[PDB]
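Residues 11 to 421, numbered by the authors' numbering, are exactly what the sequence shown covers, in order.
Note that beta-carbon positions come from the ideal geometry of N, C-alpha and C, so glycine has one too.
Report on the structure given below.
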Amino acid sequence: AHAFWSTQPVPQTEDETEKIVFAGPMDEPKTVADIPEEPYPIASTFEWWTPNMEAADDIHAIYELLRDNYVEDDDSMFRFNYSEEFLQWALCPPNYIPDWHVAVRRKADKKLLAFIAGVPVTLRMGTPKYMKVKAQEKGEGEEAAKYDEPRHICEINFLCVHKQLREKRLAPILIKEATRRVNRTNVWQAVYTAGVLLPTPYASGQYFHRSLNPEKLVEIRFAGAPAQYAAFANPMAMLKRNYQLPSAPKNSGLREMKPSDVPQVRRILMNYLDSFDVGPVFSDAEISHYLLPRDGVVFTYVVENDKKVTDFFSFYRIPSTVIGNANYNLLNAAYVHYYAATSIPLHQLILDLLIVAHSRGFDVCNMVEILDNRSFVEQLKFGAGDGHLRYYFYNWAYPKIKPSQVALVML
Ligand SMILES: CCCCCCCCCCCCCC(=O)SCCNC(=O)CCNC(=O)[C@H](O)C(C)(C)COP(=O)(O)OP(=O)(O)OC[C@H]1O[C@@H](n2cnc3c(N)ncnc32)[C@H](O)[C@@H]1OP(=O)(O)O
Ligand SMILES: CC(C)Cc1ccc2nn(C)cc2c1NS(=O)(=O)c1ccc(CCCCC2CCN(C)CC2)cc1
């Protein structure tokens, strides 16, 4: 029973989704003219607010709300604490539509009570290759390939309702209002991910983490010497030795990405991303925005040899508040972003990610098993966390695919 989700253009059961073969819209076609020109009605105590992401003060207000009310793990040990600089970066990519950032404020004190954000993305979301070949040889190649062209859609992130206001059906209203604003721009699909199961994912993957500073992680999550380490007898020096890393990168030719790398990074990224069934397409501007180093936020390194970029990796920083804890207030996590290896094995490229993260003071490296992320798990000593990231489309029928067929990283 999904009083909201059952009225929406999404597949309704794992079953409906498992019998879909071709990509395509779910709803009847609509026009911008069809869509209400006024915001969706809310209590007169509340108001719709479009924050300004160039106002440090609006960013500050979004910041505080997410800091105190955004995503926690299942056991309430950690909550995301995206920084202000991260929010500005994430919410203002090239060609973003300010209208798509939708807030609810209390009319009285102008207190921020809820938020959802949409940003543009150019996405390949045509029928997966395997289904395309099946169709091709039943004479349905054209149907199957009808929506192969990258689409300019919306990507939804940062949905958050203040804890005081939970379970009052405010999340559906935010989603309807976001949909209306997006539809008014003549966009009919969205992509989103969530830690929870909703109707109905097209892909799902586990999270994986790698300790960089085993000392602190253990004084947090256990809060003592974990299962098998306080078991054979000597922990801590054993935990440190197990997760130790070189002090400096191993691939000579590794340096920070700089503005002139933009065209080569884009080309090697695109070549790689194009082999996945679902993935983004990035202009030079978007490569610039999402990949050029930006202090405290995103960190990007290239392997350059004979003045040519042959490989790169990136990671971004999301600290999490450590919830029930006196000692350390924050876990500093690096998240694996985009990368591409052409001259070395991926585990060897990503080992340098770990070394770099570690030397810059991160506690842990996290990721989801998308892209080719599984290929380095064991070798680099990642273990599965308790999270699962589910990928979803709005108003788009899509077959079930493995997360190794997905190349869109979500922030
Ligand atoms: C063309 C354009 C379309 C664009 C829009 C595309 C769709 C975008 C969809 C959003 C993509 C978001 C991507 C992310 O950011 S995922 C992260 C979401 N945020 C958090 O987890 C932060 C902490 N939690 C909260 O703030 C609240 O608990 C939220 C806001 C999550 C729910 O509020 P609340 O707890 O106070 O409950 P309610 O009484 O208002 O509402 C209950 C309804 O909400 C459904 N619910 C619960 N969680 C989620 C969830 N993560 N996505 C979608 N729906 C969710 C739920 O099944 C129920 O419906 P139904 O089963 O009765 O049917
Ligand atoms: C303690 C570390 C070993 C791992 C770790 C670190 C910081 C965390 N902070 N938090 C909050 C959860 C954390 C966690 N453990 S986990 O399994 O990797 C996981 C990671 C994320 C989630 C949250 C679900 C995903 C939420 C969606 C929201 C939308 N978005 C675009 C991406 C994530 C649960 C567990």
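**Item:** Residues of its chain near residue 69, where Cβ-Cβ distance is below 7 Å and the 5 sequence neighbours each way are ignored
**Value:** Position 59 of the sequence shown, counting from 1, holds the residue named residue 69. Excluding sequence neighbours, residue 69 sits near 63, 94, 97, 98.
**Item:** Unbroken stretches of the alpha helix (DSSP H), 4 residues or longer, contained in the region 77–130
**Value:** 94–101
**Request:** Figure out for me which residue from 86, 331, 12 has the closest Cα to the Cα of residue 77.
**Result:** Position 67 of the sequence shown holds residue 77. The residue with the shortest Cα to Cα distance from residue 77 is 331.
**Prompt:** Heavy atom of ligand 1 less than 7 Å from the Cβ of residue 133, yes or no?
**Reply:** For this step, residue 133 is matched to residue 123 along the sequence shown. No; taking the cut-off as 7 Å, the Cβ of residue 133 has no heavy atom of ligand 1 nearer than that.
**Item:** Any non-hydrogen atom of ligand 1 within 7 Å of residue 178 CB
**Value:** Within the sequence shown, numbered from 1, the residue matching residue 178 stands at position 168. Yes; taking the cut-off as 7 Å, the Cβ of residue 178 has a heavy atom of ligand 1 nearer than that.
**Message:** Given the structure, does residue 181 come close to ligand 1, in the sense that its CB is under 7 Å from one of the ligand's heavy atoms?
**Reply:** Here residue 181 refers to the residue found at position 171 of the sequence shown. Yes - ligand 1 has a heavy atom lying nearer than 7 Å to the Cβ of residue 181.
**Item:** Cβ contact check for the region 144–158 and the region 206–215: 3 or more pairs under 8 Å
**Value:** no
**Asked** Does the pairing of the region 116–136 with the region 364–373 give three or more beta-carbon distances under 8 Å?
**Response** no
**beta strand (DSSP E) segment containing residue 315, residue limits** = Locating residue 315 in the sequence shown gives position 305, where the first residue counts as 1. Residues 308–315.
**Request:** Go through the region 325–377 residue by residue and report every complete run of the alpha helix (DSSP H) that reaches 4 residues or more, in order.
**Result:** 356–369
**Asked** How should residue 73 be labelled, buried or exposed, when 16 other C-beta atoms within 10 angstroms of its C-beta is the threshold for buried?
**Response** What you label residue 73 is simply residue 63 of the sequence shown in a count that begins at 1. Label assigned to residue 73: buried.
**Message:** Can you tell me whether residue 389 is buried or exposed? The criterion is at least 16 other CB atoms within 10 Å of its CB, across all chains shown.
**Reply:** Your numbering for residue 389 matches position 379 in the sequence shown. So residue 389 ends up on the exposed side.
**Message:** At a threshold of 7 Å, does residue 96 count as lining ligand 1 (C-beta to nearest heavy atom)?
**Reply:** Position 86 of the sequence shown holds residue 96. Answer for residue 96: no, Cβ out of range of ligand 1.
**Prompt:** Is the region 215–226 touching the region 391–411 in the sense that three or more CB pairs, one from each, lie closer than 8 Å?
**Reply:** yes
**Item:** Reduced DSSP category for residue 295 - H, G, I as helix; E, B as strand; rest coil
**Value:** Start at 1 with the first residue of the sequence shown, and residue 295 comes out as number 285. Looking at residue 295 - three-state DSSP - the assignment turns out to be helix.
**Limits of the unbroken alpha helix (DSSP H) element including residue 274** = In the sequence shown, the residue the question calls residue 274 occupies position 264. Residues 272–283.
**Request:** May I ask you to list the residues that DSSP assigns as paired with residue 290?
**Result:** Your numbering for residue 290 matches position 280 in the sequence shown. Its beta-bridge partners are 133.
**Request:** Would you list the one or two residues that DSSP bridges to residue 399?
**Result:** Within the sequence shown, residue 399 is the residue found at index 389, counting from 1. The partner list for residue 399 (beta bridge, DSSP) reads 215.
**Item:** C-alpha distance - residue 179 paired with residue 227, whole-angstrom precision
**Value:** Looking up residue 179 in the sequence shown gives position 169. Looking up residue 227 in the sequence shown gives position 217. If I take the Cα positions, the gap works out to 37 Å.
**Asked** How do the region 289–308 and the region 320–335 stand: do at least 3 beta-carbon pairs fall below 8 Å, yes or no?
**Response** yes
**Prompt:** Which residue's Cα is closest to the Cα of residue 287: 75, 38, 411, 118?
**Reply:** Here residue 287 refers to the residue found at position 277 of the sequence shown. Selected option, being the one with the closest Cα: 411.
**Request:** Run the proximity test for residue 128: is its beta-carbon closer than 7 Å to any non-hydrogen atom belonging to ligand 2?
**Result:** As a position in the sequence shown, residue 128 is number 118, starting the count at 1. No, Cβ of residue 128 sits at least 7 Å from all heavy atoms of ligand 2.
**Asked** Is any heavy atom of ligand 2 found at a distance shorter than 7 Å from the C-beta of residue 219?
**Response** Against the sequence shown, residue 219 aligns to sequence position 209. Yes.
**Prompt:** In its own chain, which residues sit with a C-beta less than 6 Å from the C-beta of residue 346, not counting the 5 before and 5 after it?
**Reply:** Here residue 346 corresponds to residue number 336 of the sequence shown, with the count starting at 1. Excluding positions up to five away in sequence, the list reads 325, 377.
**Prompt:** Can residue 186 and residue 50 be called in contact, C-beta distance under 8 Å?
**Reply:** Position 176 of the sequence shown, counted from the first residue, corresponds to residue 186. Position 40 of the sequence shown, counted from the first residue, corresponds to residue 50. For residue 186 and residue 50, yes; Cβs fall inside 8 Å.
**Message:** Only counting the same chain, and skipping five residues up and downstream in sequence, which positions put a Cβ closer than 8 Å to that of residue 56?
**Reply:** Position 46 of the sequence shown, counted from the first residue, corresponds to residue 56. If we look at residue 56 and ignore the five residues flanking it on each side, its Cβ neighbours are 114, 115, 116, 117, 123.
**Request:** Drop a sphere of 10 angstroms on the beta-carbon of residue 289, count the other beta-carbons inside from all chains shown, and report buried for 16 or more, exposed for fewer.
**Result:** Locating residue 289 in the sequence shown gives position 279, where the first residue counts as 1. Residue 289 comes out buried.
**Message:** Quick check on residue 310: buried or exposed, where buried means 16 or more other Cβ atoms within 10 Å of its Cβ?
**Reply:** For this step, residue 310 is matched to residue 300 along the sequence shown. Label assigned to residue 310: buried.
**Request:** Count the C-beta pairs between the region 150–157 and the region 186–195 that are closer than 8 Å, then say yes if the count reaches three, no if not.
**Result:** no
**Request:** Tell me whether residue 15 sits in a helix, a strand or coil according to DSSP, three-state version.
**Result:** As a working note, residue 15 is residue 5 in the sequence shown. Residue state, collapsed to three classes: helix.
**Item:** Rounded C-alpha distance that separates residue 236 from residue 249
**Value:** For the purposes of this step, residue 236 is identified with residue 226 of the sequence shown, where counting begins at 1. For the purposes of this step, residue 249 is identified with residue 239 of the sequence shown, where counting begins at 1. Approximately 9 Å between the Cα atoms of the pair.
**Message:** Please report the straight-line C-alpha distance between residue 351 and residue 112, rounded to a whole angstrom.
**Reply:** In the sequence shown, the residue the question calls residue 351 occupies position 341. In the sequence shown, the residue the question calls residue 112 occupies position 102. If you take the alpha carbons of residue 351 and residue 112, they lie about 38 Å apart.
**Request:** Would you check if the distance between the CB atom of residue 280 and the CB atom of residue 291 is smaller than 8 Å?
**Result:** Position 270 of the sequence shown, counting from 1, holds the residue named residue 280. Position 281 of the sequence shown, counting from 1, holds the residue named residue 291. In this structure, residue 291 lies closer than 8 Å to residue 280 by Cβ.
**Request:** Would you mind working out which of 337, 45, 158 sits nearest residue 137, comparing C-alpha positions?
**Result:** Here residue 137 refers to the residue found at position 127 when the sequence shown is read from its first residue. With distances taken between Cα atoms, residue 137 lies closest to 158.
**Request:** Measuring alpha carbon to alpha carbon, tell me which of 407, 356, 67, 335 ends up nearest residue 35.
**Result:** Start at 1 with the first residue of the sequence shown, and residue 35 comes out as number 25. That would be 407, whose Cα lies nearest to the Cα of residue 35.
**Message:** Quick check: is any heavy atom of ligand 1 less than 7 Å from the C-beta of residue 300?
**Reply:** Numbered from its first residue, the sequence shown carries residue 300 at position 290. Outside the cutoff, so no.
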